[PDB]
Amino acid sequence: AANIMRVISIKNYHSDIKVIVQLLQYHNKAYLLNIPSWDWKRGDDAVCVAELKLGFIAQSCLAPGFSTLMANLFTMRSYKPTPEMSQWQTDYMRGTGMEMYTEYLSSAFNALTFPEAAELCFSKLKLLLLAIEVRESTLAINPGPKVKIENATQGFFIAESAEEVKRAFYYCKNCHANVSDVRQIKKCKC
Amino acid sequence: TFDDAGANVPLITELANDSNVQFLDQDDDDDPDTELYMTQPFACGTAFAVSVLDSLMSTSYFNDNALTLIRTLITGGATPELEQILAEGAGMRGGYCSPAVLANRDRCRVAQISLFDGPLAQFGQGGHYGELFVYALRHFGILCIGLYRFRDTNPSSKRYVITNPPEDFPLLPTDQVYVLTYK
Amino acid sequence: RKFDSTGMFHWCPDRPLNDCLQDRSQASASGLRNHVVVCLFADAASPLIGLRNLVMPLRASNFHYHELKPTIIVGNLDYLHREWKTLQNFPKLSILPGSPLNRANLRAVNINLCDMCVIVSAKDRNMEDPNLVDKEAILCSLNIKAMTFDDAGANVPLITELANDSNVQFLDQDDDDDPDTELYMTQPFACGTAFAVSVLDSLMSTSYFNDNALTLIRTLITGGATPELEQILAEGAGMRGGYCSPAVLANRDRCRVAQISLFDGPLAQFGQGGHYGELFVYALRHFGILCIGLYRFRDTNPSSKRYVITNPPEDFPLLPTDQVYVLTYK
Ligand SMILES: [Ca+2]
Ligand SMILES: [Ca+2]
Ligand SMILES: [Ca+2]
């Protein structure tokens, strides 16, 4: 109730501010969806921790450890070894170095299917591409061979840093295509 | 204990206070200065707590579409049209549905598959994660996002999760693979 | 028909609340149009606001029974059962139990067809910090203002009581809010969309300086509650009534505050670029209609908002869209 009255006060002062609000209870969301000037298409959003909590653990009923797989993607962390860690802890912690990033696919991806683009990102770029913004426009997760990469398609990657995913934007089918070590994929390949 | 057990029952527990995670498990080597995400019960998918969600605020600012991605997965598909319908207060309206809307029954789902048997078992028998990834994507459109590996490789049924392994990461025949799939 | 024993109000023999309770299907099946909706926020234990003081004016005996506005109360049922002992004598009354925030309720109520929606609260007037006290009423106002209707939204007529005057800034948009402005200068008050108890406080000083002026306002705002009715109610037997003699029934010609439009009919000649003093003298002479102010659109060039102009100058220009506040006998 206190946070809804802050949203109302912000939106009363100026309607077009993007407001992002943390809500503790799901039934309280309806009250702010009904504010006249709240608009999810303008980017307003309510991070409902009750909805999200139960959603993450419910996916663990479908895939037993998935709440941990997925919650680690949404906090920024860098992998940092220490010699007392067992093998399983180092494997785990390297996995926690991952986050999910959005970046534009380079023109070298144009007219590939999503499966070719995902094979290419994984094998050459060391990037796990898992979804794309299909141009209104809509998110598609792991789309089948029927979906081509259109020009300037935004892709969704799992990677260790934003410095990694840039490689999808800089990759070039003539200039970089023979590179052995991914650190050399750089500088737009002009 | 059960007649024809115990620690083999699959559990997930929400914790109201993160530092209580140390009591949740034994054979564990507890330390109160370790943050929740490094603890064995969290690394095994046995614990959850609201504190790991907090950077949904910052990610909601930096890329709105990524917050919609996670949602379509974790909610199973709750679009803003359903949130609008629920905000009318009439309850969740439903019935028999047209083939035009029923087309959306092919959403992508997060699934888990075992390397113990079937066509992928060839990779579980000492192959590498990148071989498995390229094969599964090509033949089945199955996109692999991680592994769920036993901790005691030599005892317990506990398993840990490995998000996005390296291309040359070795597989074990007991590994389970997290995947995105359409069927 | 039957009246209160002093002739002043329309009256009905008692009933149980279940004669007037309705579910959403019954409310939706009813022809609710031009009605009054009361969005009552209450807990079962919260204090009695005395809704009779709301309903009794709406039942002035100088109205004919066919022009009495139907009334529907949306609110907590356990509260209404302890209010009901006071309401049970009024005709054309109905209850839809449930929250006023539930848009279902509002739609069954035909909220888009009412002549006024009243938002009112029985809750504790200092339950938390001064930012939270009116959140139920503000959310209800914003909710109704945001609804859409099939053949709307901001066109629904609203009046909201505020427990804390400085919350009036949240009640409206396109507004230019400022916390140092006192309530009476704010746009929602100037439009007749807000009310709060603080504007009543100088009834104490005016009650001292001229007692008769306090009786004037009362005869108007109560619709005619004379001290004889207050005595009858103080006997605790409830509001006694029945069929009434022609001698008392003569008092059905009280003067009423009414509102008339310059868009059409005999006065439209003044709306077409005349002056308020021409209108005043004409209406008084031909009809005995005494004009006390105007209700003018704010956006003369958009929104349906209107502002009130008490007693304009003789040479004040009229617009064809103006509505006139008047005192009248028919
Ligand atoms: Ca990282
Ligand atoms: Ca422990
Ligand atoms: Ca305002």
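You'll find the structure just up there.
Residues numbered from 1 in each chain as written, not as in the entry; some residues may be left out. Chains lettered and ligands numbered in written order. Part of a larger assembly, values for the part shown. Heavy atoms only, no water. Residues with missing side-chain atoms left out of burial classes, pairs and counts.

Draft legend 1. Expanded view of a negative patch on the surface. Residues and elements named next belong to chain B. Judged by side-chain charge, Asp29, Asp30, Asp31, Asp33 and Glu35 come together as a negatively charged surface patch. The topology assignment puts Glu35 in the loop between β1 (13-14) and α1 (40-43). Owing to a relative accessible area of 45%, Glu35 belongs among the partly exposed residues under this scheme. (Patch = residues over 30% accessible without salt bridge, like charges linked within 9 Å, V, L, I, M, F, W, Y side chains within 5 Å. Areas by Shrake-Rupley, 256 points an atom, 1.4 Å probe, with all protein chains shown as cover. Salt bridge = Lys/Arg side-chain N within 4 Å of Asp/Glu carboxyl O. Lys, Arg positive; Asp, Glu negative; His and termini not counted. Charge placed at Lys NZ, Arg CZ, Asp CG, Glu CD. Helix = DSSP H or I, 4+ residues; strand = E, 2+ residues; numbered from the N terminus. Buried < 20%, exposed > 50% of the residue type's maximum accessible area, 1.4 Å probe, protein only.)

Draft legend 2. Seen up close, the pattern of salt bridges. Across all of its chains, the model carries 24 salt bridges over all chains by this definition. Residue A:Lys126 is joined to B:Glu167 by a salt bridge in which the shortest nitrogen-to-oxygen separation is 2.8 Å. In this pair, A:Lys126 sits in the loop between α6 (114-125) and β4 (128-134) while B:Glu167 sits in the loop between β5 (159-163) and β6 (176-181), so the two residues belong to two different chains. With relative accessibility at 35%, the residue A:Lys126 sits in the partly exposed group. The class of B:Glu167 is partly exposed, set by a relative accessible area of 34%. Of the charged contacts in the structure, one is a salt bridge between B:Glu88 and C:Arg103, with a shortest N-O distance of 3.2 Å. Taken together, the residues span two chains, with B:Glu88 in the loop between α4 (80-87) and α5 (99-102) and C:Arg103 in helix α4 (residues 103-108). Taking relative accessible area as the criterion, C:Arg103 reaches 4% and is therefore assigned buried. Among the ionic contacts, a cluster of salt bridges with common partners joins A:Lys29, A:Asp45, A:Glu51, B:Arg71 and B:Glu83.

Draft legend 3. Quick peek at helix α1 (residues 2-13) of chain A. Taking 1.5 Å as the rise per residue, α1(A) with 12 residues should run 16 Å; its terminal C-alpha atoms sit 17 Å apart, in good agreement. Contact partners of the buried residues in α1(A): β1 (20-23) and α2 (29-33) of chain A together with α5 (135-146) of chain C. (Expected span 1.5 Å × (residues − 1). Contact = heavy atoms within 4.5 Å.)

Draft legend 4. Geometry of the coordination of the calcium ion (ligand 3). Coordination of the calcium ion (ligand 3) by the protein comes from A:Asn12 (ND2), C:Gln169 (O), C:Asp172 (O), C:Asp175 (OD), C:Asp177 (OD) and C:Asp177 (OD), over a distance range of 2.3 to 2.4 Å. For the calcium ion (ligand 3), the six donor atoms in the first shell make angles of 54 to 159 degrees at the metal, a pattern classed as irregular. With a relative accessible area of 29%, C:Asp177 lands in the partly exposed category. (Donors = N, O, S within 2.8 Å, 3.2 Å for Na, K, Ca; no water. Tetrahedral: all angles 85-135°; square planar, octahedral: opposite > 155°, others 65-115°.)

Draft legend 5. Local environment of the packing of helix α3 (residues 49-62) of chain A against helix α3 (residues 64-74) of chain B. Viewed as axis vectors pointing N to C, α3(A) and α3(B) meet at an angle of 55 degrees, and their least axial separation amounts to 9 Å. With respect to α3(B), the axis of α3(A) lies oblique. By crossing handedness, the relation of α3(A) to α3(B) is classed as left-handed. Here A:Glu51, A:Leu52, A:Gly55, A:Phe56 and A:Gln59 of α3(A) come into contact with α3(B), specifically with B:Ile70, B:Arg71, B:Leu73 and B:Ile74. Along the lines of polarity and charge, the residues of the contact of α3(A) with α3(B) split into five nonpolar, two polar and two charged. (Axes fitted to C-alpha atoms, helices over the stretch in contact; angles between N-to-C directions. Parallel < 35°, antiparallel > 145°, perpendicular 65-115°, else oblique. Left-handed = near helix turned anticlockwise from the far one by under 90°. Nonpolar A, V, L, I, M, F, W, Y, C, P; charged D, E, K, R; others polar.)

Draft legend 6. Region of interest: the side chain of B:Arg151. Position of B:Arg151 relative to the elements: it lies in the loop between β4 (143-150) and β5. Take B:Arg151: its relative accessible area is 13%, and that puts it in the buried class. Only 2.6 Å separates the side chain of B:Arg151 from the side chain of B:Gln40, close enough to count as a polar contact. Residue contacts for B:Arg151: discarding those within four places in its chain leaves A:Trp88, B:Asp27, B:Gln40, B:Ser156, B:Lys158, B:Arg159 and B:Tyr160. (Polar contact = N/O pair within 3.5 Å; in protein donor to acceptor, adjacent residues only side chain to side chain.)

Draft legend 7. Local environment of the interface of chain A and chain B. Taken together, the contact between chain A and chain B spans 65 residues of the former and 66 residues of the latter. Sorting elements by how many residues they give to the side of chain A that touches chain B places α3(A) first, with nine residues.

Draft legend 8. Representation of the sheet that holds strand β3 (residues 71-75) of chain C within the structure. All names here are of chain C. The strand order across the open sheet formed by six strands is β4-β3-β2-β5-β6-β7, and the pairing between neighbours is parallel. Strands with a single pairing partner mark the edges of an open sheet, and in this sheet they are β4 (93-97) and β7 (194-195). Looking at chain direction, strand β2 (residues 36-41) and strand β5 (residues 116-121) are connected through six bridges and run parallel. The partner of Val38 across the bridge, within β5, is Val118. Here helix α3 (residues 77-87) sits on the sheet in contact with β2, β3 and β4, set at roughly 170 degrees to β4. (Pairing = 2+ DSSP bridges.)

Draft legend 9. The environment of A:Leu129, seen in detail. Mapped onto the elements of the fold, A:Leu129 is located in strand β4. Taking the C-alpha atoms as reference, A:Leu129 lies 5.4 Å from A:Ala118; in sequence the two are 11 residues apart. Once residues lying within four places of it in the same chain are set aside, the contact partners of A:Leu129 are A:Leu105, A:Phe114, A:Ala117, A:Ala118, A:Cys121, A:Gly155, A:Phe156, A:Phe157 and B:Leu143.

Draft legend 10. Spatial organisation of the packing of aromatic side chains. Tallied over the entire structure, the rule returns 16 aromatic pairs over all chains. Ring centres of B:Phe42 and B:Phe48 lie 6.4 Å apart, and the angle between their planes is 25 degrees; on these two criteria the pair is classed as stacked. With respect to burial, B:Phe42 and B:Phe48 carry one shared label: buried. A cation sits over an aromatic face here: C:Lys92 above C:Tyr65, 5.4 Å from the ring centre. Seen from the ring of C:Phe297, C:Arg306 lies directly overhead, with NZ or CZ sitting 3.5 Å from the centre. (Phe/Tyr/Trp six-rings, centres within 6.5 Å; stacked < 30°, edge-to-face > 60°. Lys NZ or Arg CZ within 6 Å of the ring centre and 35° of its normal.)

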